[PDB]
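**Student:** My questions will all concern the structure given below.
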Amino acid sequence: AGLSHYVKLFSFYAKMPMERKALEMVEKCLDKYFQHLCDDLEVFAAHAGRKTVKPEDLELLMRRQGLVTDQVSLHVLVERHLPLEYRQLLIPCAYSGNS
Amino acid sequence: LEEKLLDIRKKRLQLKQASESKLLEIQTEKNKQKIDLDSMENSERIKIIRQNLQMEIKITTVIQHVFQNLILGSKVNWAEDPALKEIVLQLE
Amino acid sequence: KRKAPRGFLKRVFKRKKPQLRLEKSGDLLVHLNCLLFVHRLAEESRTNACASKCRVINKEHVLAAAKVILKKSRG
Amino acid sequence: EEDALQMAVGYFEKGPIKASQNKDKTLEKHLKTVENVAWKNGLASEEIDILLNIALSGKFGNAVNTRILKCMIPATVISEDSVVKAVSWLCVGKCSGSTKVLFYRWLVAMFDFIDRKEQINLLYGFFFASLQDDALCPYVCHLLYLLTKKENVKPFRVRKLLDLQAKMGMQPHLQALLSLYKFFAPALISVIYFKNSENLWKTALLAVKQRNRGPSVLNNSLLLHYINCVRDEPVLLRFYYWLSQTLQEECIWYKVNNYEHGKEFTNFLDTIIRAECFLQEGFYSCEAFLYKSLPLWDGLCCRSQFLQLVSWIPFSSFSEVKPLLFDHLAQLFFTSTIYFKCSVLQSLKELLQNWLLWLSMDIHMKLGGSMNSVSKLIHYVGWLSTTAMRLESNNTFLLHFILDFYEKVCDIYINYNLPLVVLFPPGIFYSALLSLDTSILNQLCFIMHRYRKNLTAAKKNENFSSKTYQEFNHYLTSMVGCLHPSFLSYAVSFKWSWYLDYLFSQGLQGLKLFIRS
Amino acid sequence: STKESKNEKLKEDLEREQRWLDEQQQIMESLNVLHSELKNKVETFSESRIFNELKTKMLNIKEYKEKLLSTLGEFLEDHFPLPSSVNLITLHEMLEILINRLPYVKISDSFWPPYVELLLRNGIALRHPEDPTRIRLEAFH
């Protein structure tokens, strides 16, 4: 499903041939990534006091990976990777009705 | 059939040499326009206005392309407006 | 490939944790989380494959890649 | 009703669906049944384009249910795409991504029907900036492929497409857009194709088309005319150089396969010959290649193609072209069968016609040293064709082609205006007169009649005067006194006038023409 | 069998030569009328008159620019600044001035981030590929 789409992304993100048994290991690597993202998100939101998780709870976890910085803000990374309609909903544009 | 073919070939050769003469006249007339171009290469006041055209259309090809991207992104209601209608559909 | 899945990401979030309320576009942001995760994994796998000088990515490179990427990408 | 029904739908659009007393679908389904008969008039298509997608009911099923069959009856007009450019406006309503995909699919599929494609082409950037969307990219790329012009290839668009290629994956739609932008001003270099998912809509588009019906230069004929009209240097020197390097590389290609390469080189020589026949002068790279490749040439290797390039040769002096070419089309002529002797006497028959065409214009365009060259060509072929009947024992199939050559030698003065009436060698005229089949006898008789006509015409406007007339009277007294086993056979098949009429009705046209003298 | 082939290639070549003669007559009349037209149509061009046409282009392009910029003043009131953070018009024109003579900075991260991410999505401006705290107006030239 989502992991299968993600290894399809791995094909064009590694840009170099892979093996099927290796992508089945990338399956468990993605599951192992999420087994940390879901309980890191829970604690980052719990300190925030919200049982829900909001976007700013996730830019902080981004800072925890460190790939978001003072030079590369949260709104920068959405620009480089997500498509146009997939980026419209996160960063506020301006129509006097900023999202 | 061979007589008609010979007649057609003679007509075609006449209209080929005639066309080469006409096209050579047109090309030497283009060469005559080339000294009119040399009448531009004097560059006492053609050069300055040509450079102004190049340095002002490059501003008119920027503000134009920030209208194809500003009558697009915002809450534009682009063509449902008589005003922007003549300013959208911007001439190149 | 220009894709991003709405549904499977939310299903994975619900399966791993039954108590969360991922917001209207928070699915989008966790998908960006994994986008940058897989980007880091791809680039550092290129790096450690160059360390082993192997022209094709293999199990041993990505196994070492896991213990680094999923450890720094951890909060 | 179709207009009234969509105003009724608009009435549903001014109010909530719950507050409405009737279904929003059923009326649109009646409209769909109408579309099954007649989809949308230009004003009707305009209206159903502009309102049903902006903000109102326009359900992502109901809007698509129309958009599948919303195509135009006559065509799409400017006002259709105007207010729906405010549907690509892509905001609080946005005509959401599934109907947006369907919208760009419709814009690709019905792009064949716009009154002014120039207006939409001036809307290039509006669709180009929508290409950033991943869902719209595979269809916006096709739309821009059909929308593109040179004024829309600004370098910022080129770098935006390159940024899209780098950010996204290698895609056939982006590849098609990039190759097209390289076809235009080359700010980028790159080396599927009108592949649409509109095939399901194409059946509907097929019905729409039926309803509309009911209501470097060789392979370019349109540009070959330009080079036909310029005997310039930078055009016939680039052509000389490509043609020579293609008649060399593809001829060296013979020396490795010689079997399947003899069908592309042969089909390339055929295009060469066709281009020369159209342009009517022998390419300067085709005699330069013939002079190089004639000594090496055998009899049958591209025989019909090499002996059609010989026909298209620039008119040169015989003392400078015979040793180079005619000394190898005689070394091969005398050593090959009748099917190469006839294929050279046919080759040189067309060569004579081509040398006479360009000499008639040398009279039209204001001689004696070029005169002696066609005369020498005729005398040399008459030397080829008088010993060819010696090698082949006066073969009638070969004599037919020999007199086919002189079929174009008698009719020089009347036809090409050149004072070059040149008679037979005795060994050809007398062996055609003493032939055994009527089909070459009457050909010789027709050629004699044409010689009569041309000599009489040359007596009018004025060596061609003394020795030619002496030898022609020699031939005349020999034939008119003899005018015979072929005629014996014709008589066996059967009052001198009755016999002549029987001969004349049996296709004896040349004999009748010469007897009428 | 060979005079029937000669007659076949004679009829086919007759049709082909008739087509070629038709296309030759067409480009004969077209070339003659083009020579007649271009005679004393573009040849009657003075250098002074040529520069006057460039001055007419100067005024036409300047009025087109003052049309586009007048609309940039009018329509962008639909945009309007609300509540420094700089007005969208002013920060956009400070983008334009910077790219006008060049820069890759152009705003040095002008404020009101909805406004900078307004003119970034549509292709108006671009981020710097290395240090994304600095902006460039897409180099529309």
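Chain identifiers are assigned as A, B, and so on, following the order in which chains appear in the structure tokens; residues are numbered from 1 within each chain, and ligands are numbered from 1 in order of appearance.
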Taking only C-alpha atoms into account and nothing else, which residues of chain E lie no more than 7 Å away from chain A? Please answer as a ChimeraX atom specification.

**Tutor:** /E:79,114-115,117-118,131-133

**Student:** Would you mind exporting N, CA and C atoms of the selected residues as a PDB file, in the first residue's frame?

**Tutor:**
ATOM      1  N   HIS E  79      -5.970  42.300  -4.180  1.00  0.00           N
ATOM      2  CA  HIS E  79      -5.053  41.598  -3.290  1.00  0.00           C
ATOM      3  C   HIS E  79      -4.970  42.309  -1.943  1.00  0.00           C
ATOM      4  N   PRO E 114       2.652  34.529   3.987  1.00  0.00           N
ATOM      5  CA  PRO E 114       1.650  34.243   2.947  1.00  0.00           C
ATOM      6  C   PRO E 114       1.886  34.995   1.649  1.00  0.00           C
ATOM      7  N   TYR E 115       2.458  36.199   1.701  1.00  0.00           N
ATOM      8  CA  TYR E 115       2.751  36.945   0.485  1.00  0.00           C
ATOM      9  C   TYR E 115       3.971  36.430  -0.270  1.00  0.00           C
ATOM     10  N   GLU E 117       5.089  33.248  -0.142  1.00  0.00           N
ATOM     11  CA  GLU E 117       4.572  31.997  -0.679  1.00  0.00           C
ATOM     12  C   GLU E 117       3.360  32.209  -1.577  1.00  0.00           C
ATOM     13  N   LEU E 118       2.962  33.463  -1.797  1.00  0.00           N
ATOM     14  CA  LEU E 118       1.979  33.768  -2.832  1.00  0.00           C
ATOM     15  C   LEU E 118       2.640  33.777  -4.203  1.00  0.00           C
ATOM     16  N   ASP E 131      20.690  28.109  -0.367  1.00  0.00           N
ATOM     17  CA  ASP E 131      20.329  28.822   0.855  1.00  0.00           C
ATOM     18  C   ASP E 131      18.929  29.374   0.617  1.00  0.00           C
ATOM     19  N   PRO E 132      17.870  28.693   1.092  1.00  0.00           N
ATOM     20  CA  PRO E 132      16.492  29.114   0.814  1.00  0.00           C
ATOM     21  C   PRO E 132      15.956  30.160   1.790  1.00  0.00           C
ATOM     22  N   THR E 133      16.771  31.175   2.078  1.00  0.00           N
ATOM     23  CA  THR E 133      16.323  32.379   2.767  1.00  0.00           C
ATOM     24  C   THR E 133      16.476  33.599   1.871  1.00  0.00           C
TER      25      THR E 133
END

**Student:** Residue 139 (chain D): which residues within 8 Å, counting only C-alpha atoms, same-chain residues fewer than 3 positions away excluded, as a PDB file with N, CA, C and O atoms, in the first residue's frame?

**Tutor:**
ATOM      1  N   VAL D 101      -8.999  16.712 -13.542  1.00  0.00           N
ATOM      2  CA  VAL D 101      -8.395  15.746 -14.455  1.00  0.00           C
ATOM      3  C   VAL D 101      -9.302  15.532 -15.656  1.00  0.00           C
ATOM      4  O   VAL D 101      -8.850  15.529 -16.807  1.00  0.00           O
ATOM      5  N   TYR D 104      -9.077  18.680 -17.981  1.00  0.00           N
ATOM      6  CA  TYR D 104      -7.925  18.725 -18.877  1.00  0.00           C
ATOM      7  C   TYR D 104      -7.959  17.598 -19.903  1.00  0.00           C
ATOM      8  O   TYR D 104      -7.490  17.779 -21.033  1.00  0.00           O
ATOM      9  N   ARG D 105      -8.539  16.451 -19.546  1.00  0.00           N
ATOM     10  CA  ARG D 105      -8.786  15.398 -20.527  1.00  0.00           C
ATOM     11  C   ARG D 105      -9.727  15.868 -21.632  1.00  0.00           C
ATOM     12  O   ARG D 105      -9.492  15.576 -22.810  1.00  0.00           O
ATOM     13  N   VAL D 108      -7.862  18.265 -23.890  1.00  0.00           N
ATOM     14  CA  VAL D 108      -7.022  17.562 -24.856  1.00  0.00           C
ATOM     15  C   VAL D 108      -7.877  16.949 -25.959  1.00  0.00           C
ATOM     16  O   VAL D 108      -7.600  17.118 -27.152  1.00  0.00           O
ATOM     17  N   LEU D 136      -2.670  16.769 -12.719  1.00  0.00           N
ATOM     18  CA  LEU D 136      -2.967  17.400 -13.996  1.00  0.00           C
ATOM     19  C   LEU D 136      -1.834  17.273 -15.007  1.00  0.00           C
ATOM     20  O   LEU D 136      -2.063  17.506 -16.197  1.00  0.00           O
ATOM     21  N   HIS D 142      -0.118  17.006 -22.585  1.00  0.00           N
ATOM     22  CA  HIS D 142      -0.711  16.791 -23.902  1.00  0.00           C
ATOM     23  C   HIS D 142      -1.346  18.072 -24.434  1.00  0.00           C
ATOM     24  O   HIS D 142      -1.193  18.409 -25.617  1.00  0.00           O
ATOM     25  N   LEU D 143      -2.056  18.798 -23.567  1.00  0.00           N
ATOM     26  CA  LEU D 143      -2.688  20.045 -23.986  1.00  0.00           C
ATOM     27  C   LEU D 143      -1.654  21.048 -24.481  1.00  0.00           C
ATOM     28  O   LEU D 143      -1.837  21.661 -25.538  1.00  0.00           O
TER      29      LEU D 143
END

**Student:** Under the rule of at most 7 Å, produce a per-residue listing of chain E near chain B: chain, number, name, the closest pair of atoms, and the distance in Å, as a Markdown table, using only C-alpha atoms.

**Tutor:**
| residue | atom | partner | partner_atom | distance |
| --- | --- | --- | --- | --- |
| E:10 | CA | B:1 | CA | 6.6 |
| E:11 | CA | B:1 | CA | 6.9 |
| E:14 | CA | B:5 | CA | 5.8 |
| E:17 | CA | B:8 | CA | 6.7 |
| E:18 | CA | B:8 | CA | 6.9 |
| E:21 | CA | B:12 | CA | 5.6 |
| E:24 | CA | B:15 | CA | 6.6 |
| E:28 | CA | B:19 | CA | 6.1 |
| E:31 | CA | B:22 | CA | 6.7 |
| E:32 | CA | B:22 | CA | 6.7 |
| E:35 | CA | B:26 | CA | 6.0 |
| E:43 | CA | B:33 | CA | 6.6 |
| E:47 | CA | B:39 | CA | 5.5 |
| E:51 | CA | B:46 | CA | 5.9 |
| E:58 | CA | B:53 | CA | 6.4 |
| E:61 | CA | B:57 | CA | 6.9 |
| E:65 | CA | B:60 | CA | 5.5 |
| E:68 | CA | B:63 | CA | 6.6 |
| E:122 | CA | B:69 | CA | 5.3 |
| E:123 | CA | B:69 | CA | 6.5 |
| E:124 | CA | B:66 | CA | 5.8 |
| E:140 | CA | B:62 | CA | 5.5 |
| E:141 | CA | B:58 | CA | 5.7 |

**Student:** Keeping only C-alpha atoms, write the selected residues as a compact mmCIF listing (two decimals), in the first residue's frame.

**Tutor:**
# COMPACT_ATOMS: atom_id res chain seq x y z
CA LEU E 10 5.30 6.88 -68.83
CA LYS E 11 1.74 7.40 -67.60
CA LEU E 14 3.18 11.94 -66.88
CA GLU E 17 5.26 15.66 -64.14
CA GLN E 18 1.81 17.24 -64.44
CA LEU E 21 4.33 21.42 -63.45
CA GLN E 24 5.94 24.90 -60.60
CA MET E 28 5.91 30.76 -60.61
CA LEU E 31 7.28 34.14 -56.94
CA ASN E 32 6.40 36.70 -59.62
CA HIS E 35 8.85 40.02 -56.58
CA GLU E 43 12.65 48.87 -50.81
CA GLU E 47 16.82 54.88 -42.30
CA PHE E 51 14.06 54.81 -36.78
CA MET E 58 8.95 52.69 -28.27
CA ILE E 61 5.61 49.20 -25.86
CA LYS E 65 3.97 48.62 -20.05
CA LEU E 68 0.29 46.25 -17.46
CA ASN E 122 2.70 30.29 -9.47
CA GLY E 123 6.20 30.72 -10.89
CA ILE E 124 6.54 34.43 -10.10
CA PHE E 140 11.52 35.83 -17.08
CA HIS E 141 13.99 37.38 -19.57

**Student:** Could you state the separation of CA of residue 469 (chain D) and CA of residue 409 (chain D) in Å, given to one decimal place?

**Tutor:**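 Pair CA of residue 469 (chain D) / CA of residue 409 (chain D) returns 15.2 Å.
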
**Student:** What is the distance, in Å and to one decimal place, between CA of residue 486 (chain D) and CA of residue 437 (chain D)?

**Tutor:**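 For CA of residue 486 (chain D) relative to CA of residue 437 (chain D), the distance reads 5.2 Å.
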
**Student:** Residues at most 9 Å from residue 338 (chain D), counting only C-alpha atoms, excluding those fewer than 4 positions away in the same chain, as a list in words?

**Tutor:**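 Returned residues: residues 333, 342, 343, 388, 392, 395, 397 and 398 of chain D.
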
**Student:** Give me, as a VMD selection string, the residues of chain D touching chain B, with the criterion being at most 7 Å (counting only C-alpha atoms).

**Tutor:** chain D and resid 82 to 83 85 to 86 89 91 122 to 123 125 to 126 151 228 to 230 357

**Student:** Pick out the residues sitting within 8 Å of residue 72 (chain C), and hand them over as number ranges by chain; count only C-alpha atoms, and ignore anything fewer than 3 positions along from it in its own chain.

**Tutor:** A: 64-65; C: 68-69, 75

**Student:** Can you check which residues of chain A have any atom within 9 Å of chain D? Use only C-alpha atoms and format it as a tab-separated table (two decimals) with N, CA, C and O atoms, in the first residue's frame.

**Tutor:**
chain	number	residue	atom	x	y	z
A	12	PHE	N	12.93	5.94	-8.03
A	12	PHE	CA	13.28	7.21	-8.64
A	12	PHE	C	13.95	8.17	-7.66
A	12	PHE	O	14.31	9.29	-8.05
A	13	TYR	N	14.11	7.78	-6.39
A	13	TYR	CA	14.87	8.57	-5.44
A	13	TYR	C	16.29	8.05	-5.25
A	13	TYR	O	17.19	8.85	-4.95
A	80	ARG	N	10.10	21.60	-2.13
A	80	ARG	CA	11.02	20.78	-2.92
A	80	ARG	C	10.49	19.38	-3.20
A	80	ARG	O	10.96	18.74	-4.15
A	81	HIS	N	9.54	18.88	-2.42
A	81	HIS	CA	9.17	17.48	-2.57
A	81	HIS	C	7.71	17.24	-2.91
A	81	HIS	O	7.42	16.41	-3.77
A	83	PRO	N	3.97	17.75	-4.58
A	83	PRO	CA	3.44	18.42	-5.77
A	83	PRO	C	2.64	19.67	-5.44
A	83	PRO	O	2.45	20.00	-4.26
A	84	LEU	N	2.14	20.36	-6.47
A	84	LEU	CA	1.49	21.65	-6.26
A	84	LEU	C	0.23	21.51	-5.41
A	84	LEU	O	0.09	22.19	-4.39
A	85	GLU	N	-0.69	20.64	-5.82
A	85	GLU	CA	-1.93	20.50	-5.06
A	85	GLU	C	-1.68	19.82	-3.72
A	85	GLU	O	-2.49	19.96	-2.79
A	86	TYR	N	-0.58	19.08	-3.60
A	86	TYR	CA	-0.25	18.44	-2.34
A	86	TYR	C	0.46	19.40	-1.40
A	86	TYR	O	0.64	19.10	-0.22

**Student:** Skip residue 17 (chain A) itself and residues of its chain fewer than 5 positions away, then list as a ChimeraX atom specification all residues within 10 Å of it, counting only C-alpha atoms.

**Tutor:** /A:10-12 /C:55-58
